[PDB]
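Participant: Encoded as structure tokens, here's the structure I'll be asking about.
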Amino acid sequence: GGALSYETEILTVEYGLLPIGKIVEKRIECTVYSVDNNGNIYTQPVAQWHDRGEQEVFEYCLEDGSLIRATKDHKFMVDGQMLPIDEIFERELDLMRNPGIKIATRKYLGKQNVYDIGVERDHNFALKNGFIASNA
Amino acid sequence: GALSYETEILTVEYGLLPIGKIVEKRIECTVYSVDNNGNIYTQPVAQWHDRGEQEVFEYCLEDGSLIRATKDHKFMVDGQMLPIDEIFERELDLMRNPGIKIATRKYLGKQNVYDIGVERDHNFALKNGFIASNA
């Protein structure tokens with residue numbers, strides 16, 4: 001089974017993001033998001049709240065510098081497979097994550113010298129994180 | 001439209017490079033594009049455009065990462081190229097690298113720790129859409 005650190009943020013329908021420590025310690029009734037064997041995202045209630053006691057926690061820092069704090073043996077989704085996170089780390093596999101992400105806020109920075117690149121076909125190019133910039 | 005100097009471009013020969021160093025130095029290199037069929041291919045840079053001083057906006061995404069660009073510069077949304085400002089206006093999702101590697105691992109010693117059970121499939125989504133599993 002394995003376990004997660006207190007502040008690991010869990011998506012709930014009712015409350016939005018909540019720390020799993022709080023969901024478990026307060027045994028909060030909520031609806032979480034799951035994925036089936038055919039890649040369908042659905043929702044269902046939390047059915048068991050597991051307080052696993054004390055265990056060794058490792059902090060896994062991802063390429064974008066975000067953090068997952070878990071025991072070595074907790075499984076995470078990699079393409080078509082659930083694997084222990086430590087193995088995912090040892091094997092350099094990509095964790096599955098949301099294919100999309102929203103813009104939270106916007107700021108003005110005034111004027112700057114700015115740049116663009118032309119390519120022959122399709123007229124786009126990937127940035128860090130895999131964002132696709134385009135001139136079309 | 002255009003982009004800030006330090007916008008990191010993924011190139012084959014050098015990995016991630018600031019578009020500013022690529023354009024200013026006319027660096028010959030190979031970038032990654034998508035076609036109309038969702039398919040990612042490689043392709044040399046054909047033009048290096050210094051578009052001069054323009055108004056730049058900083059777009060901060062839900063994960064705290066930034067895009068710095070002119071308001072009109074288009075970016076891909078679920079198969080469709082749209083001005084980044086419009087993507088902001090309508091709260092649309094940018095695409096879309098659906099996976100990410102772990103760079104490093106540190107020991108934090110012992111902590112009280114937790115897990116949740118569900119009735120079907122035995123997984124659940126975290127922030128950023130990671131899928132934690134106890135199947």
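In the structure tokens, each chain is lettered A, B, ... as it comes, each chain's residues begin at 1, and ligands are numbered from 1 in order of appearance.
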Per residue of stretch 34-74 of chain A within 9 Å of stretch 98-118 of chain B, record the nearest atom pair and its distance in Å to one decimal, counting only C-alpha atoms, with rows in chain order and ascending residue number, as a Markdown table.
Facilitator:
| residue | atom | partner | partner_atom | distance |
| --- | --- | --- | --- | --- |
| A:34 | CA | B:118 | CA | 8.7 |
| A:44 | CA | B:118 | CA | 7.3 |
| A:45 | CA | B:118 | CA | 6.8 |
| A:46 | CA | B:118 | CA | 5.3 |
| A:47 | CA | B:118 | CA | 5.0 |
| A:48 | CA | B:117 | CA | 4.6 |
| A:49 | CA | B:116 | CA | 4.9 |
| A:50 | CA | B:115 | CA | 5.0 |
| A:51 | CA | B:114 | CA | 4.9 |
| A:52 | CA | B:114 | CA | 5.2 |
| A:53 | CA | B:112 | CA | 4.9 |
| A:54 | CA | B:112 | CA | 4.1 |
| A:55 | CA | B:110 | CA | 5.1 |
| A:56 | CA | B:110 | CA | 4.4 |
| A:57 | CA | B:108 | CA | 5.4 |
| A:58 | CA | B:107 | CA | 4.5 |
| A:59 | CA | B:106 | CA | 4.9 |
| A:60 | CA | B:105 | CA | 4.5 |
| A:61 | CA | B:104 | CA | 5.2 |
| A:62 | CA | B:102 | CA | 4.0 |
| A:63 | CA | B:103 | CA | 5.2 |
| A:64 | CA | B:100 | CA | 8.1 |
| A:65 | CA | B:103 | CA | 8.1 |
| A:69 | CA | B:108 | CA | 8.7 |
| A:70 | CA | B:113 | CA | 8.3 |
| A:71 | CA | B:113 | CA | 8.5 |
Participant: Go ahead and write the residues just picked, N, CA and C atoms, as a PDB file, in the first residue's frame.
Facilitator:
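The new file again.pdb reads:
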ATOM      1  N   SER A  34     -10.849   9.584  -9.554  1.00  0.00           N
ATOM      2  CA  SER A  34     -10.152   8.380  -9.944  1.00  0.00           C
ATOM      3  C   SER A  34     -10.111   8.202 -11.478  1.00  0.00           C
ATOM      4  N   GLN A  44     -15.796   9.436  -6.960  1.00  0.00           N
ATOM      5  CA  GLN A  44     -16.340   8.483  -6.012  1.00  0.00           C
ATOM      6  C   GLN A  44     -15.984   8.939  -4.604  1.00  0.00           C
ATOM      7  N   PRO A  45     -16.764   8.512  -3.608  1.00  0.00           N
ATOM      8  CA  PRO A  45     -16.462   8.935  -2.239  1.00  0.00           C
ATOM      9  C   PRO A  45     -15.168   8.329  -1.751  1.00  0.00           C
ATOM     10  N   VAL A  46     -14.516   8.962  -0.779  1.00  0.00           N
ATOM     11  CA  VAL A  46     -13.468   8.308  -0.024  1.00  0.00           C
ATOM     12  C   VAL A  46     -14.163   7.252   0.816  1.00  0.00           C
ATOM     13  N   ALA A  47     -13.664   6.010   0.811  1.00  0.00           N
ATOM     14  CA  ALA A  47     -14.307   4.910   1.569  1.00  0.00           C
ATOM     15  C   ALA A  47     -13.567   4.454   2.839  1.00  0.00           C
ATOM     16  N   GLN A  48     -12.243   4.544   2.821  1.00  0.00           N
ATOM     17  CA  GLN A  48     -11.423   4.311   3.996  1.00  0.00           C
ATOM     18  C   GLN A  48     -10.449   5.478   4.222  1.00  0.00           C
ATOM     19  N   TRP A  49     -10.292   5.857   5.480  1.00  0.00           N
ATOM     20  CA  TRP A  49      -9.317   6.845   5.875  1.00  0.00           C
ATOM     21  C   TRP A  49      -8.239   6.091   6.644  1.00  0.00           C
ATOM     22  N   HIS A  50      -7.064   5.938   6.037  1.00  0.00           N
ATOM     23  CA  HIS A  50      -5.968   5.175   6.634  1.00  0.00           C
ATOM     24  C   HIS A  50      -4.915   6.060   7.307  1.00  0.00           C
ATOM     25  N   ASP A  51      -4.844   6.020   8.629  1.00  0.00           N
ATOM     26  CA  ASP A  51      -3.740   6.663   9.345  1.00  0.00           C
ATOM     27  C   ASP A  51      -2.637   5.633   9.480  1.00  0.00           C
ATOM     28  N   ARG A  52      -1.561   5.782   8.721  1.00  0.00           N
ATOM     29  CA  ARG A  52      -0.574   4.701   8.652  1.00  0.00           C
ATOM     30  C   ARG A  52       0.494   4.751   9.760  1.00  0.00           C
ATOM     31  N   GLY A  53       0.372   5.692  10.690  1.00  0.00           N
ATOM     32  CA  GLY A  53       1.391   5.853  11.706  1.00  0.00           C
ATOM     33  C   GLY A  53       2.686   6.404  11.117  1.00  0.00           C
ATOM     34  N   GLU A  54       3.796   6.178  11.810  1.00  0.00           N
ATOM     35  CA  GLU A  54       5.079   6.718  11.376  1.00  0.00           C
ATOM     36  C   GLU A  54       5.771   5.784  10.377  1.00  0.00           C
ATOM     37  N   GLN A  55       6.335   6.364   9.326  1.00  0.00           N
ATOM     38  CA  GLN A  55       7.006   5.597   8.282  1.00  0.00           C
ATOM     39  C   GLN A  55       8.078   6.507   7.700  1.00  0.00           C
ATOM     40  N   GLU A  56       9.031   5.922   6.991  1.00  0.00           N
ATOM     41  CA  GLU A  56      10.086   6.681   6.341  1.00  0.00           C
ATOM     42  C   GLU A  56       9.548   7.377   5.104  1.00  0.00           C
ATOM     43  N   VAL A  57       9.790   8.684   5.038  1.00  0.00           N
ATOM     44  CA  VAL A  57       9.295   9.515   3.953  1.00  0.00           C
ATOM     45  C   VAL A  57      10.481  10.003   3.129  1.00  0.00           C
ATOM     46  N   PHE A  58      10.312   9.970   1.808  1.00  0.00           N
ATOM     47  CA  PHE A  58      11.308  10.453   0.872  1.00  0.00           C
ATOM     48  C   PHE A  58      10.677  11.542   0.080  1.00  0.00           C
ATOM     49  N   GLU A  59      11.479  12.540  -0.260  1.00  0.00           N
ATOM     50  CA  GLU A  59      10.968  13.677  -0.986  1.00  0.00           C
ATOM     51  C   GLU A  59      11.465  13.605  -2.400  1.00  0.00           C
ATOM     52  N   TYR A  60      10.521  13.493  -3.327  1.00  0.00           N
ATOM     53  CA  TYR A  60      10.840  13.331  -4.738  1.00  0.00           C
ATOM     54  C   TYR A  60      10.630  14.656  -5.465  1.00  0.00           C
ATOM     55  N   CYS A  61      11.717  15.284  -5.901  1.00  0.00           N
ATOM     56  CA  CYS A  61      11.605  16.556  -6.601  1.00  0.00           C
ATOM     57  C   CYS A  61      11.589  16.350  -8.115  1.00  0.00           C
ATOM     58  N   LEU A  62      10.507  16.798  -8.724  1.00  0.00           N
ATOM     59  CA  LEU A  62      10.261  16.564 -10.141  1.00  0.00           C
ATOM     60  C   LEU A  62      11.027  17.601 -10.956  1.00  0.00           C
ATOM     61  N   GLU A  63      11.105  17.399 -12.274  1.00  0.00           N
ATOM     62  CA  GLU A  63      11.824  18.308 -13.168  1.00  0.00           C
ATOM     63  C   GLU A  63      11.381  19.766 -13.005  1.00  0.00           C
ATOM     64  N   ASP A  64      10.078  20.020 -12.954  1.00  0.00           N
ATOM     65  CA  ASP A  64       9.601  21.390 -12.696  1.00  0.00           C
ATOM     66  C   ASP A  64       9.783  21.845 -11.253  1.00  0.00           C
ATOM     67  N   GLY A  65      10.520  21.066 -10.471  1.00  0.00           N
ATOM     68  CA  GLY A  65      10.800  21.422  -9.093  1.00  0.00           C
ATOM     69  C   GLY A  65       9.649  21.229  -8.113  1.00  0.00           C
ATOM     70  N   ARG A  69       5.918  13.918  -1.579  1.00  0.00           N
ATOM     71  CA  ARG A  69       6.529  13.364  -0.391  1.00  0.00           C
ATOM     72  C   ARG A  69       5.820  12.072  -0.009  1.00  0.00           C
ATOM     73  N   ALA A  70       6.509  10.956  -0.192  1.00  0.00           N
ATOM     74  CA  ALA A  70       5.885   9.655   0.040  1.00  0.00           C
ATOM     75  C   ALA A  70       6.860   8.606   0.532  1.00  0.00           C
ATOM     76  N   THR A  71       6.316   7.527   1.092  1.00  0.00           N
ATOM     77  CA  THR A  71       7.080   6.312   1.311  1.00  0.00           C
ATOM     78  C   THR A  71       7.506   5.757  -0.048  1.00  0.00           C
TER      79      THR A  71
END
Participant: For residue A:130, work out the shell of residues within 7 Å, counting only C-alpha atoms and skipping chain neighbours fewer than 3 positions away, then give it as a ChimeraX atom specification.
Facilitator: /A:126-127 /B:96-97
Participant: Neighbouring residues of residue B:35 were defined as those with any atom within 10 Å, considering only C-alpha atoms; residues of the same chain fewer than 6 positions away were excluded. Please report them as a list in words.
Facilitator: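 The neighbour list is residues 121, 122, 123 and 124 of chain A; 41 and 79 of chain B.
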Participant: Got a sec: who's within 8 Å of residue B:132, counting only C-alpha atoms, leaving out chain neighbours fewer than 2 positions off, as a ChimeraX atom specification?
Facilitator: /A:74-77 /B:123-126,130,134
Participant: Within stretch 38-100 of chain B, find each residue whose DSSP state, derived from the backbone, is helix (DSSP H, G or I), and express the selection as a count of residues only.
Facilitator: 7
Participant: Counting only C-alpha atoms, which of B:36, B:70, B:54, B:4 gets nearest to residue B:19?
Facilitator: B:4
Participant: Could you state the separation of atom CA of residue A:118 and atom CA of residue B:57 in Å, given to one decimal place?
Facilitator: 21.6 Å
